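Chemist: first portion of the complex, with coordinates as positioned in the assembly:
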Amino acid sequence: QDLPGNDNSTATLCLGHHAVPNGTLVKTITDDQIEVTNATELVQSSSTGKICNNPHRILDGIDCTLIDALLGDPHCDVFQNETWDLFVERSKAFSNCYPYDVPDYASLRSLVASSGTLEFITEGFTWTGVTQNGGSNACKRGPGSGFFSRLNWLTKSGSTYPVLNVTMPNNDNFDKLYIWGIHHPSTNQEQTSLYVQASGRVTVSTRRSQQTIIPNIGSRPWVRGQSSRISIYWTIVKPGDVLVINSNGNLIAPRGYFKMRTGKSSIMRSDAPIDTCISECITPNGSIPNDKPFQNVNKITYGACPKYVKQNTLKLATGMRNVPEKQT
Amino acid sequence: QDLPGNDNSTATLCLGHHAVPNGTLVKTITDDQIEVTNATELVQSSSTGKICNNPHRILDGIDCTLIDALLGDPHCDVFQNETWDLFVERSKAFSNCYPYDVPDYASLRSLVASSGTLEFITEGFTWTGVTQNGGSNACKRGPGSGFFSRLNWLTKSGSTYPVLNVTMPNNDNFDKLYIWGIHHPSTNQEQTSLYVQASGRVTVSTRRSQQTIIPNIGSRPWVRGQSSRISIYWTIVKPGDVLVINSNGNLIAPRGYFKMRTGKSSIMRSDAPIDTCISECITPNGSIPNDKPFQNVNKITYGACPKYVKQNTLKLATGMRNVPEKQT
Amino acid sequence: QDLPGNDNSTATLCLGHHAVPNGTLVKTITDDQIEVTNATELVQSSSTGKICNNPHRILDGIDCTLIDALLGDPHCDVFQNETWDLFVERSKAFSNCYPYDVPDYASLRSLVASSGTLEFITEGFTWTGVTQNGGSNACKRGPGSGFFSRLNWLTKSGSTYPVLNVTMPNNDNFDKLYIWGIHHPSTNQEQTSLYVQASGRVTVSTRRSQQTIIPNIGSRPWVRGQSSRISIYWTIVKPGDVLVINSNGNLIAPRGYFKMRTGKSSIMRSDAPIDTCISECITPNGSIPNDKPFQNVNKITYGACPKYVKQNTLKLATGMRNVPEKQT
Amino acid sequence: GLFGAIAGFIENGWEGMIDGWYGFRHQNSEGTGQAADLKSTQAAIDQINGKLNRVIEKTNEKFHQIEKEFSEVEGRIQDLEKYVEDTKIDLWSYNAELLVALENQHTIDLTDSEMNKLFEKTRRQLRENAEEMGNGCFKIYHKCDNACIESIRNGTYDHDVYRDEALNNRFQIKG
Amino acid sequence: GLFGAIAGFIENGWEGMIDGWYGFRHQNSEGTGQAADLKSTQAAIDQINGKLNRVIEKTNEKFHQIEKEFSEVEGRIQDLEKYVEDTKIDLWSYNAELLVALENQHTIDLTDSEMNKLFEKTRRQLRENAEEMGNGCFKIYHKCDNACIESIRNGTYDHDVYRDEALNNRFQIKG
């Protein structure tokens, strides 16, 4: 094509790849550690230490558990009608009112925690022939003795206690949660003094369920001056159904209903400080970022969080094999 | 080899692959959508809308739930001794007999639904000194008042109600399921009228278990004229054991046993029409074909069904990369 | 470079791989069976048939279940204060003392089995005004009639069964497990003979929980001469809390506490012989080696065991494809 | 893909090839023409069906299970029933998503591989008589009529027959 | 890796190449010199980001679940709550562990592949004018000045231009 050259030589062309002096070992199908040019961590292993107050409604329980906030322990009266995406229970929380127990506490803490609202509606119940508004020095409200703001302790009028038999229709289009209870006196004398009859009974029913509890008389350990206990129970009433409360003693009556809603609310136990920042994944240890696919901070999470894993580091190689010349 | 030719020429041979004008995008490890020549859907996402009546015994409950079919609500008397691979409960189903409740309804619906048979054997129980066959206008059987076909309501004889104490040995080689109950009167007068004693008791035992229920007196919501309730209970009796029923009031007695069997029977809630066709995978939405490995129709399935998945399409490439002549 | 040679020839070099005459078929992503030169089994499918007595403390229950060993059936008195990593229950095991039942037997078998110790501490309870140490001919201890070594059957002293009301503080720094019970008499005469009052009651409480049981009078099936039953219950008492036992009849009192510990102990039902060898993975079928990653011997395992799988063989090819020239 | 033939050194596919997945196009002194390769097409198809069947393999049948829909609020045990099924579903969803991602990746490289193996196999057969124009086309340096092209394709081409012609014709020095 | 280029027939990497992942060093008529290849660097980088994004894809959000820590001993139902979560965790841990093992394996072979494809692509372009020294270096048998080297690298080298020179220079017989 061109003409005979007066020179005759050759050239060398060599193909090659880069290499870095440092380089990270990564796991393989055939190798446990092999060095690549670069990698990324896929396990998130540290929290900030604070629960960010944004985007979810984080309600600090402070020294109230959700059940005392529900029942209306005087010292928790601050939470009335509160609302939350996450209720945080603090380990410092205490109760300070009449000694109660909740047989199946765990479901009541769950189904309220998921509802996410404490909106209470007072209904006009009529208790005929009994003394309303009983209270106790084990639950002071101010200088006075008192009781849970949402429950009504019925004792005898004059010298007798009738068979209470009341009804409250669910005429609304939503479910109504009713919290009620029963008082287990310490002695047979306490029983007859307060409720006249030697054995009370509570039957709370809807047309689809019924529960009858009879009180249990006996000494229990002194808690705030009391050896008696009240035990808490719940009844959900579906739209169009009816609540019927029948009792001839020891009833701790409801003052109306809590609204129930379907939501994304939950409860968490954490003593992490709440601080102002935005983060979607919350953990009892504080928030964590959700840029990585797996996390190892805590298996308890709320929100858009990485899948919890056992491993605390898992490196995805984002580079070729590192085969250095000069080395590190 | 051959001799010097008079023509001198060359040829061109080119290797290549096909390509299609259309082509499907598919997911990869390194790509979210990349186009291949052809693919297949692995997620089954549509139902026919009908439950095929073949190969499984599908029993339409029509307007009977399995528990009313078990107890023998008059309107469900059609199901006596029926048998099923799948009992279908319809949402239209109602009850129409004495108001009852089943504490732990959910296990009784389960363990009957799995047994798959309602075969009942009447045993000759002898109730001495009580009036048998009580019924109620809340459960009409024909023009008359009546009761569950499989339970026997015992009321007093004139003046008295004795302590019933009866036995029925399990002499067969299979387990026997006994369904029984107790009546919770609305008033103390109802109690004494029917059962004489002011408080009844039921203890039902085998030599390995015992349950004592005491009735609960109180007003409940009017359901079919009644404010009283009966509550249902079950006792399985293993071969060679004994049933002993002891009671001095409020017993709703068994009339014999249901056979229990080990099977592949279950229950499903569906208003899908049953139609004549054969299909192995049933879903509340109707049957679905099980040619694909995953399905997205419903997480509730019965039979040979695809694994339910969240994705609603997942395409497996069954062809090479599509690189068309005038790129698409 | 070198000088012109007088010979002109060529050579043949051929590259190749080995092949074996035998060769194993293995599964692939594109093939169900393809033959490779060699493979390894990854599913462990056989047991030795014996539970090796090493490294874990395997306690043979012989003819005692853990609950009878706990309660102190005379024939199980051998296990007092025993300790285990694995308690093995034998199917031959029987009970031979007063007929009892444990409502929620399954949790009591669990929480003791996990604690791993039966260390019992006798506490000085004072039962005032009642006769201690009752026993029964249905539970002989030696020629005499007797009762569970760890429970104390209280019957009235003279003309009275007083209201027992006793306390035992948890002053130690560990949790104490108390096992107690209640006696359900066969007849109303048995009730009044033993406990005077026509209806006993037991309330056992801590300052955080309370349970009241009332007895259930009625005939049950004859078991070792008895138609009565006792039912067992448990109360854990946390450090610094108090047990309070209040009763006016039918109490089967505790004689002190079992220590509870956090461990790696469990219970297993197996009639496999225990033999002397060391093995880490135990299965009801005997020990199995844990060199393979998956096992198919039994889904019930204790210790360092392979993940149970449904497959009974899964061969990992450890060689190239086998392409023989002769074949067979 | 891994081998760099499909969508690599072969700039694009032929929509015209309706009779096979891989094949040949030639221009020789008789004319131009095209033909599908059936052995490599069958090789790619068999492996793809192989994996397709293993995926379409045995559905497991399940009968009485747990309830997955509830009409009342119950609390603790229902919370668990919901958690067991929701965690089962996310684990099976992950599983289907990784399966088709791995599978699809492997199918694009498998068919990339078969294109490359046909090419290499053809290269070895032509020995010193052809040169790679580097775009999937070999230039054959000797008169190759249609029977010559059929022998290459059906795999019976004898390179020695035309070696001296091709070689002379190839290492011509003249510009 | 599978192709045997990186850590294979190319004895090692160049720490000196700060401008790309694959590239050329040359020795020639007017010096020595090096240059990153950007098309193969971008190809390796795009695929690695491709998989990286698919892994960094959607976190699932969960709200009210089951309790994972307990303060009292309850027995049967708590035993189950613990078993459900412990088995969920080991299944997800296995899952992350297999994912980065497969992924890492594939990334080392993918970048091995791109080294090999650049090499092969360069080979095809030089036609009969260069020989493979078998160490990643081609010996070019004709005077190739810096523009000649830039045409090879930018992919426009015309082999015919220097074929007679190279060929003559290559099949010299003289010792």
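Modeler: Perfect, thanks for sending it. Numbers count the residues shown, from 1 in each chain, chains lettered A, B, ... in the order given.

Chemist: now do the helix or strand hosting residue D:84 against helix E:76-126, angle only.
Modeler: Secondary structure assigned from DSSP states H and E places residue D:84 in helix D:76-126. Counting by axes from the mean of the first three to the mean of the last three C-alpha atoms, to 10 degrees, helix D:76-126 lies at 20 degrees to helix E:76-126.

Chemist: how far out from the middle of the chain is helix D:76-126?
Modeler: Centroid displacement of helix D:76-126 relative to its chain, using C-alpha atoms, centre = their mean, to the nearest Å, is 16 Å.

Chemist: and that helix with chain E, contact?
Modeler: Yes: counting by C-beta under 8 Å from any C-beta of the partner chain, chain E is contacted by helix D:76-126 at D:76-77, D:79-80, D:83-84, D:86-87, D:90-91, D:94, D:98, D:101-102, D:105. Just so you know, the C-beta spots here come from the backbone N, C-alpha and C atoms, and that holds for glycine as well.

Chemist: from those residues, pick the one nearest chain C.
Modeler: residue D:102 (8.3 Å; C-beta to the nearest C-beta).

Chemist: name the secondary structure element that contains the residue of chain D found nearest chain C.
Modeler: Closest to chain C within chain D is residue D:50: 3.8 Å, counting by C-beta to the nearest C-beta. Assigned by DSSP H and E, residue D:50 belongs to helix D:38-55.

Chemist: buried ones in that helix, by neighbour count?
Modeler: Residues D:40-41, D:43-45, D:47-48, D:51-52, D:55 are the ones in helix D:38-55 that count as buried (16 or more other C-beta atoms under 10 Å in any protein chain shown).

Chemist: how about stretch D:98-106?
Modeler: Those would be D:99-101, D:103-106, for stretch D:98-106 by 16+ other C-beta under 10 Å.

Chemist: so what's whichever residue of chain D sits closest to chain E up against?
Modeler: Residue of chain D nearest chain E, by C-beta to the nearest C-beta: residue D:134 (3.2 Å). Residues near residue D:134 by C-beta atoms under 8 Å, 6 or more residues apart in numbering or on different chains: D:9, E:121, E:124-125, E:127.

Chemist: just the buried members of the residues you listed?
Modeler: Neighbour-count burial (16+ other C-beta under 10 Å) applied to those gives D:9, E:121, E:125, E:127.

Chemist: turn these into CSV, columns for distance to residue C:50.
Modeler: Listed next are these as CSV, based on distance: C-beta to C-beta, whole Å:
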residue, distance to residue C:50
D:9, 64
E:121, 65
E:125, 71
E:127, 74
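
Chemist: can I get these in TSV with distance to chain B?
Modeler: Shown next, in TSV, are the buried ones among the contacts of residue D:134 (distance: C-beta to the nearest C-beta, whole Å):
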residue	distance to chain B
D:9	10
E:121	17
E:125	17
E:127	15
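
Chemist: up against chain E, what does the stretch 1-150 of chain A have?
Modeler: Close to chain E, as judged by C-beta under 8 Å from any C-beta, the stretch 1-150 of chain A has residues A:1-2, A:5, A:7-21, A:26-30, A:34, A:36, A:40, A:42-43, A:106, A:110, A:113-114.

Chemist: and the residues you listed near chain D, which?
Modeler: Okay, of those touching chain D (C-beta under 8 Å from any C-beta), that's A:1-2, A:106, A:110.

Chemist: closest to chain E out of those residues?
Modeler: Nearest member of those to chain E, counting by C-beta to the nearest C-beta, is residue A:1, at 6.0 Å.

Chemist: ok, now chain F:
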Amino acid sequence: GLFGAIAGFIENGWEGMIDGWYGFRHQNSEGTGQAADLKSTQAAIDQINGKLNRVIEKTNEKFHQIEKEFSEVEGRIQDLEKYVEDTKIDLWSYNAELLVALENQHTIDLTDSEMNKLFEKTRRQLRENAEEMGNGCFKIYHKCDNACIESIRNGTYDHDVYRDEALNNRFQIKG
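Modeler: Below is chain F, added to the chains above:
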């Protein structure tokens, strides 16, 4: 497999090779010989043990779990206990089944790759002195005695030594 060497361009394996996985057979002036290649045998063996150990890695130990066998009919909670374990087992069974399928696939291509790499490596060393007969055999175009064969195999063959001989002997035109 992906590279088309084993069960590909190498028609079959040698049952005779008892001393290694890959190797050479030759005919030369001094007679015929066979010899295992140890570097490629060790390479294939090391990778296969590599994966074998990662699979034989840590068994997890579990102690008190949930009950998996029942003697009475209980209903709701037992139904759940059964569902949790049955879903755990199918998830682990799927897991073992995909693991050995992926693994086995990769092992057949890994050993396919090593055959190919030995072949290619040998090719590069022979430079212009041999031609590929396309069946795994190189035809060497110069007298290559047993030391010549040992230098190719131990990797010290100097192609320049025999280039003029081979080249002359190769591009003979005479029929």
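
Chemist: take the buried residues of helix D:38-55 again, chain F included.
Modeler: Buried residues in helix D:38-55 (16+ other C-beta under 10 Å): D:40-41, D:43-45, D:47-48, D:51-52, D:54-55.

Chemist: and the helix or strand just after the helix holding residue D:84, which strands flank it?
Modeler: Once the chain leaves helix D:76-126, the next helix or strand it forms, by DSSP H and E, is strand D:130-132. Within its sheet, and counting by DSSP bridges, strand D:130-132 is paired with strand D:137-140 (antiparallel).

Chemist: which residues sit against the strand it pairs with?
Modeler: Against strand D:137-140 from outside (C-beta under 8 Å, 6+ apart): B:10-15, D:28, D:122-123, D:126, D:129-133, D:148, D:166.

Chemist: how about the CA coordinates for stretch A:255-268, as PDB?
Modeler: C-alpha atoms of stretch A:255-268 as PDB (Å, rounded to 0.1, in the frame of the first residue of the first chain):
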ATOM      1  CA  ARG A 255     -66.900   5.300  82.400                       C
ATOM      2  CA  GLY A 256     -67.200   5.000  78.700                       C
ATOM      3  CA  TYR A 257     -65.100   3.700  75.800                       C
ATOM      4  CA  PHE A 258     -61.800   4.000  74.200                       C
ATOM      5  CA  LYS A 259     -61.900   4.400  70.400                       C
ATOM      6  CA  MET A 260     -60.100   1.600  68.600                       C
ATOM      7  CA  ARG A 261     -58.400   2.200  65.300                       C
ATOM      8  CA  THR A 262     -56.400   0.100  62.700                       C
ATOM      9  CA  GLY A 263     -53.000   1.700  62.300                       C
ATOM     10  CA  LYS A 264     -49.200   1.200  62.300                       C
ATOM     11  CA  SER A 265     -48.700   2.000  66.000                       C
ATOM     12  CA  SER A 266     -46.700  -0.100  68.300                       C
ATOM     13  CA  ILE A 267     -45.000   0.100  71.600                       C
ATOM     14  CA  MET A 268     -41.300  -0.200  72.400                       C
END
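
Chemist: report whether that stretch contacts chain E.
Modeler: Yes: for stretch A:255-268, a contact with chain E is found by C-beta under 8 Å from any C-beta, at A:264-267.

Chemist: anything in the helix or strand that the helix holding residue D:50 is followed by near chain B?
Modeler: With elements assigned by DSSP H and E, the helix or strand that comes after helix D:38-55 is strand D:61-62. Yes: using C-beta under 8 Å from any C-beta, strand D:61-62 comes into contact with chain B via D:61-62.

Chemist: who are the packing partners of strand D:61-62?
Modeler: Applying 3 or more C-beta pairs under 8 Å, 6 or more residues apart in numbering or on different chains; DSSP states H and E, one finds that strand D:61-62 contacts strand B:303-304.

Chemist: spatially central residue in chain A, please.
Modeler: The residue lying closest to the centre of chain A (C-alpha atoms, centre = their mean) is residue A:267, at 1.8 Å.

Chemist: burial measure for the residue of chain A found nearest chain F, as a count.
Modeler: When C-beta to the nearest C-beta is the measure, chain A has its nearest residue to chain F at residue A:30, with 3.7 Å between them. Neighbour count for residue A:30, taken as other C-beta atoms under 10 Å in any protein chain shown: 21.

Chemist: ok, now residue A:325?
Modeler: By other C-beta under 10 Å, neighbour count at residue A:325 equals 13.

Chemist: so who does it touch?
Modeler: Residue A:325 neighbours (C-beta under 8 Å, 6+ apart): A:19, E:12-16.

Chemist: which SS class is it?
Modeler: coil (DSSP: H, G, I helix; E, B strand; the rest coil).
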